[PDB]
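Asks: Chains as they are written, first to last, in UniProt numbering: chain A, 3264 to 3404, 3406 to 3563; chain B, 3264 to 3404, 3406 to 3563.
Idealized CB from N, CA, C, for every residue including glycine.
Take this structure, written in structure tokens, and hold onto it; I'll ask about it next.
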């Protein structure tokens, strides 16, 4: 048994990381087939980032201003294109190591693995969640262009590319078509994230993992209703729970013998009373970075 | 910025995972050069595990009783050997994907990444620490033979192979020469782990990471002495801090402008007063699964 925050194996993604320099700026790129993908602000200096006109800045660049390096080997660029906030460098060479892949736009509250990279080389892997306010609480040191992914069977679902640190120290980025998650733009300006609310369906699934693993102290004699739970939920900045969410927890309810609303009531009491210095699954707070699918696949 | 629990990239290890069946028992093996390494209790049934005579059980096996499968391809075994608690299956084929590697016996309190595997295929990666009592708090579902590793440059330092779950639900295993960490044996019996004490040098380094990342509330007006800290440490089941440990934190002291003993006193006050419902680096407890080297390499 046991329950750890688990990343996907990263080998299929390592073989796709390249380095992209343009001017004095260098960052990570994703080489899939004959296209390298990277943050378009690779064409910006620091002062550029204050207020960039990407079209105007990009017009001043030709194919040969982009230096794409894959390991010690070097790629030739026969075309560049801006798609939203990503630059797409068309190269002459298919990446031999291209895995099966899809581009996916995930939903707030879903999880994925990040291969943090520096100058095109892999440095680390960790598992994180897209917050409800479309930020990531990450470790991004240089790391721009690192990508997030899920892995279904033999196929890599790329869902995130890192672009920036907000003045508030959390991180924002795009899907692999270049559209930011949330209301953020690739400009060094004050931008607000909305209120960082807790992913209720994830906490519940994690409480199930707890039960599956023998941590049962938090289970209480009460029950509750969806409405009355949400009334408590919104008072604690918890995402509202819907009936789709209840449906998603179904397998976990079947395994443990505990109905979703009973668990809901145990969570209510937890929120209203605290944890009394007691831990759950070795944690002193409620964890919301496991989806129901994560718990199932792990357990 | 930001601070996440980071695993090493696992691609170099994925290409080494194979499946080893002998009788009805199947588990993970590590294929390096022309040797497959795996837990010797792959030769045991469940009832065998109650009290196995490994020599006697192994004598009843020839090379052809071992079914080593690497992906969909199949290896031929031209020799088997018991080295302590690991079986070493000599095969006819060098693993083409063999990275540069070393076998290392790590020390209590050091950290490494685990590629949890099932039937020879990679399922996940996470970062963990060898506890002071030589157990691992892991997620081992089937996972026997999964290995732990660090990665220095281009070279994989293999340091751990999983063998068993203790009745207490924590995990024990061996180095890659077959010697268990701790006093555990590969037998399904009651075995005790000693008291699980906290890795003091790791907590301190994590408090430095906190400071580096702007979490500073816990810094106090006090200071203390090594002896008087250890007096507090041993009362809270914290590993004694030595002068080697103080020396290891040196770079972190240089970066932050905070001397080790001042941080020691902030940690004292934390231990004696609690956290007052306040978090550090997004955690409500003191984390001891980052070494000083981890903090440095990340930060």
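With 8 Å as the C-beta to C-beta threshold (strictly closer), list the residues of the stretch 3331-3359 of chain A near chain B in chain order.
Replies: Within the stretch 3331-3359 of chain A, no residue qualifies.
Asks: Does the beta carbon of residue 3267(B) come closer than 8 Å to any beta carbon on chain A?
Replies: Closer than 8 Å: yes.
Asks: What three-state label does DSSP hand residue 3369(A) in the structure shown?
Replies: If DSSP states are grouped into helix, strand and coil, residue 3369(A) belongs with coil.
Asks: Mapping DSSP to helix, strand and coil, what is residue 3410(B)?
Replies: Note: residue 3410(B) maps to coil in three-state DSSP.
Asks: For residue 3438(A), which residues does DSSP report across the bridge?
Replies: Paired residue(s): 3425(A) and 3444(A).
Asks: What beta strand (DSSP E) runs, 3 residues minimum, are completely inside the stretch 3311-3351 of chain B?
Replies: The stretch 3311-3351 of chain B contains these whole beta strand (DSSP E) runs: 3329-3333, 3336-3338 and 3340-3346.
Asks: Please report the Cβ distance between residue 3529(B) and residue 3464(B), rounded to the nearest whole angstrom; I am assuming they are in contact, meaning their Cβ atoms lie under 8 Å.
Replies: Not a contact, Cβ separation roughly 13 Å.
Asks: Which residue marks the beginning of the alpha helix (DSSP H) containing residue 3527(A), and which one marks its end?
Replies: Residue 3527(A) -> alpha helix (DSSP H) spans 3524-3537.
Asks: Anything in chain B within Cβ reach of residue 3403(A), meaning under 7 Å, just list it in chain order.
Replies: Going along chain B in sequence order, the residues near residue 3403(A) (Cβ under 7 Å) are 3265.
Asks: Between residue 3400(A) and chain B, is there a C-beta pair that is closer than 8 Å?
Replies: Yes, its Cβ sits closer than 8 Å to a Cβ of chain B.
Asks: What three-state label does DSSP hand residue 3292(A) in the structure shown?
Replies: Note: residue 3292(A) maps to strand in three-state DSSP.
Asks: Given a cut-off of 8 Å, decide if residue 3531(A) and residue 3467(A) are closer than it, judged by their beta-carbon atoms.
Replies: Closer than 8 Å, so yes.
Asks: Just confirm the distance between the C-beta atoms of residue 3276(A) and residue 3292(A), as a whole number of angstroms; I'd bet it's less than 8 Å.
Replies: Rounded, the Cβ-Cβ distance is 12 Å, inconsistent with contact.
Asks: One question on the structure: do residue 3225(A) and residue 3363(A) come within less than 8 Å of each other, judged by their Cβ atoms?
Replies: With chain A covering only 3264 through 3563, there is no way to say anything about residue 3225(A).
Asks: Determine the DSSP secondary structure at residue 3275(B), reduced to helix, strand or coil.
Replies: Here residue 3275(B) sits in helix by DSSP.
Asks: Is the beta carbon of residue 3424(A) sitting closer than 8 Å to the one on residue 3411(A)?
Replies: Going by C-beta atoms, residue 3424(A) is nearer than 8 Å to residue 3411(A).
Asks: DSSP three-state call for residue 3420(B): helix, strand or coil?
Replies: It is a strand residue.
Asks: In angstroms with no decimal places, state the Cα-to-Cα distance between residue 3354(B) and residue 3285(B).
Replies: Taking the straight line joining both Cα atoms gives about 15 Å.
Asks: Applying the 10 Å Cβ sphere with the 16-neighbour rule, what's the burial state of residue 3309(A)?
Replies: It counts as exposed.
Asks: Where in the stretch 3458-3486 of chain A do unbroken runs of the alpha helix (DSSP H), each at least 4 residues long, occur, reported from the N-terminal end onward?
Replies: With a minimum length of 4 residues, the continuous alpha helix (DSSP H) runs that stay inside the stretch 3458-3486 of chain A are 3464-3476.
Asks: Quick one, are the C-beta atoms of residue 3358(A) and residue 3279(A) less than 8 Å apart?
Replies: Cβ distance < 8 Å, so residue 3358(A) and residue 3279(A) count as in contact.
Asks: Considering only DSSP beta bridges, list what residue 3498(B) is partnered with.
Replies: Bridge partners of residue 3498(B): none, in fact.
Asks: Taking the straight line between their C-alpha atoms, what separation do you get for residue 3297(A) and residue 3509(B)?
Replies: Spanning the two alpha carbons is a distance of roughly 50 Å.
Asks: Just the Cα atoms here: how many angstroms apart are residue 3534(A) and residue 3338(B)?
Replies: Distance between the alpha carbons of residue 3534(A) and residue 3338(B) is about 54 Å.
Asks: Please identify, using Cβ separations under 9 Å, the residues of the stretch 3529-3561 of chain A that lie next to chain D, in order along the chain.
Replies: In the structure shown, chain D does not exist; the protein chains are A and B.
Asks: Closer than 6 Å by C-beta to residue 3264(B): which residues in its own chain qualify, once you throw out the five before and the five after it? Chain order, please.
Replies: Cβ within range, chain order: 3477.
Asks: Locate the beta strand (DSSP E) running through residue 3556(A), then write down its first and last residues.
Replies: That residue, residue 3556(A), is in no beta strand (DSSP E); its alpha helix (DSSP H) goes 3556-3562.
Asks: Alpha carbon to alpha carbon, what distance is there between residue 3519(A) and residue 3372(A)?
Replies: One C-alpha to the other measures close to 23 Å.
Asks: Since residue 3278(B) meets chain A, which of its residues come closer than 8 Å, beta carbon to beta carbon?
Replies: 3274, listed in chain order.
Asks: What are the boundary residues of the alpha helix (DSSP H) that residue 3515(B) is part of?
Replies: Its alpha helix (DSSP H) spans residues 3514-3520.
Asks: Return helix, strand or coil for residue 3549(A), following the three-state DSSP convention.
Replies: It is coil, neither helix nor strand.
Asks: Skipping 5 residues on each side, what residues in its chain have a beta carbon closer than 7 Å to that of residue 3501(B)?
Replies: Once the five neighbours on either side are set aside, the close Cβ partners of residue 3501(B) are 3459, 3461 and 3462.
Asks: With DSSP as the reference, label residue 3282(A) as helix, strand or coil.
Replies: Note: residue 3282(A) maps to strand in three-state DSSP.
Asks: Using a Cβ-Cβ distance cut-off of 8 Å, determine whether residue 3429(B) contacts chain A.
Replies: Yes - at least one Cβ of chain A is within 8 Å of the one on residue 3429(B).
Asks: Since residue 3271(A) meets chain B, which of its residues come closer than 8 Å, beta carbon to beta carbon?
Replies: Per Cβ cutoff of 8 Å: 3387 and 3388.
Asks: What residue does the beta strand (DSSP E) around residue 3298(B) start on, and which one ends it?
Replies: First-last of the beta strand (DSSP E) with residue 3298(B): 3298-3302.
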